[PDB]
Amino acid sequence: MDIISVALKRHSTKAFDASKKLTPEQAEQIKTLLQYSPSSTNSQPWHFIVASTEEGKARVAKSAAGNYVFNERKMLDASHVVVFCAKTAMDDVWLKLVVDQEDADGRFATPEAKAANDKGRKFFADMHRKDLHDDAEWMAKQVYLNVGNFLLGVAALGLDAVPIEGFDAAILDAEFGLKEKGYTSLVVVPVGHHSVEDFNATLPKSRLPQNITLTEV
């Protein structure tokens, strides 16, 4: 069925059925979804942690403490749990890595075309790095775009999920040693299948009317 039907019917799951795992093929597909999301200048300023074992999810679940105990069950009961992370700083060695990958994938007919791409990426990278001083926020924006792509995609695969901002990033970061690796956790997304306990599965979806949020010209 069309994505409009998927968009109108998907929902944030409030409780997962821990016995319903992703199929082996589905496990590979969600990884493909994560990698192929678009990003400004194809910068891909991200890293993903995909927890599928009881041990792995327990380590992620440490972040659902304090005022976030509300999300612990979700992190432990879902089949797979994805931690979306953003680079803490945009370094030149990474920018080079991106251009070389496009080059190796055959996107530049001449060594001038490749040089033109590195320059174009350098323009935006420096605009945020040197002038605006918001490269951390710029990269986080790309990660959130990835989350959006990911949420609709998994729903399209007939999978349930829930985006989570309610977790302790410092706790999660320390658990997986992300700071020293050059990353920071932003959004946690448990994916699997909802249980009968998921009260949100049967409730009507609510959104502000278009006359308030949309202008046609």
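Start at 1 with the first residue shown and count on from there. Only the largest set of C-alpha atoms that superpose within 1.5 Å between the two forms is called the rigid core.
S.K.: Core-aligned, which moves more in 6 other deposited structures of this protein: 118-126 or 141-149, by CA RMS?
M.R.: Between 118-126 and 141-149, the one lying farther away in 6 other deposited structures of this protein is 118-126.
S.K.: Looking at the deposited entry, does 92-100 or 141-149 carry the larger mean Cα B-factor?
M.R.: Stretch with the higher mean C-alpha B-factor: 92-100.
S.K.: Do the C-alpha atoms of 196-204 or of 8-16 have the higher average B factor in the entry?
M.R.: Going by the record's values, the stretch with the higher mean is 196-204.
S.K.: Go through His80, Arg129, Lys87, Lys74 one by one and give the residue whose Cα B-factor in the PDB entry is largest.
M.R.: Answer for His80, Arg129, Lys87, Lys74: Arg129, with the highest C-alpha B-factor.
S.K.: Whose C-alpha has the highest temperature factor in the PDB entry: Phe176, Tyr36, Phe48, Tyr68?
M.R.: Largest recorded C-alpha B-factor: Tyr68.
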